[PDB]
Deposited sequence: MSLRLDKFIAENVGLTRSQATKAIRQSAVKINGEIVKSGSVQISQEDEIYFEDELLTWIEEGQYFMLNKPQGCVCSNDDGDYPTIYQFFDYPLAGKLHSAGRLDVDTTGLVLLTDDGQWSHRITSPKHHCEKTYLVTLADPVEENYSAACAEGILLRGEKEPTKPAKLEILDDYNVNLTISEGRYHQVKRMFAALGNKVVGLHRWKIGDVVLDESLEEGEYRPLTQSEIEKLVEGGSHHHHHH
């Protein structure tokens, strides 16, 4: 067996200090339990989680893009999960690099590489995520400026970071955000007096969801896509 902090540092690509801080911030679990000590000994009989993503003991280097349908979640284990779209043992070696809510559709990246996935979801790297947002009511003239300036939402201590809004038509826009607060997009438009009736992610960084993928289908990423994301 080996130390939890050594495992987290090496598998998530963090310094021992960063791994220690993550552990202190309740970001690390052993078999579903929050663990606050980096000295705890672990083995392959243990399932290790970082920000709720299951890390594999046998990393090989696998990367995929999935077109997620509604009605399923991005957890390894109420609703079915995205792992139903993969066969075992492959399904058991993967975790996600940015989850999508149960009814949000689109681009979900799956990988067995914890260093790669963390770089993608790390706030510091502020990776851009673009969503096709369909609204119940017509877009208003103040939307673009509000998104660019930032919106102070109830339940938040800070306003949303500047986001880029692109109007497609009166009921559809593309919104690019470099963060992912709880139900952020839904809350942003609700704050503006509208309602999100459709949410589809089609881009992360410079990687676009393969439009030939039906919902539930996935394909391996190309080396170019893998490299562009980090």
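- Counting the deposited sequence from 1, the stretches lacking C-alpha coordinates are 1, 79 to 80, 234 to 243.
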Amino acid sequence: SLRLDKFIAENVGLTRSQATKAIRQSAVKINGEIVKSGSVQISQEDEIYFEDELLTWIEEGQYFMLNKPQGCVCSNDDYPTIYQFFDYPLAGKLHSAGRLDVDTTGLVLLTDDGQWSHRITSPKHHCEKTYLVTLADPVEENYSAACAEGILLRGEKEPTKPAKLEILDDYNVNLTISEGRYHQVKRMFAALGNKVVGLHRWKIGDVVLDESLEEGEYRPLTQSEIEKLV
From here on, numbers count along this sequence of modelled residues.
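- Averaged over their C-alpha atoms, the temperature factors of 47 to 55 and 29 to 37 are higher for 29 to 37.
- Stretches 208 to 216 and 9 to 17 differ in mean C-alpha B factor, with the higher average recorded for 208 to 216.
- Note on 110, 151, 73, 133: the highest value goes to 73, judged by CA B factor as recorded.
- As recorded in the entry, 127 carries the highest CA temperature factor of 97, 127, 94, 146.
- When the modelled residues of the chain are ordered by their C-alpha B factor, residue 2 lands in the highest third.
- When all modelled residues of the chain are sorted by CA temperature factor, residue 167 is found within the highest third.
- Among the modelled residues of its chain, residue 105 has a C-alpha B-factor that falls in the lowest third according to the deposited record.
- Ranked against the other modelled residues of its chain, the C-alpha B-factor of residue 226 as given in the entry falls in the lowest third.
- The deposited CA B-factor of residue 122 belongs to the highest third of values across its chain.
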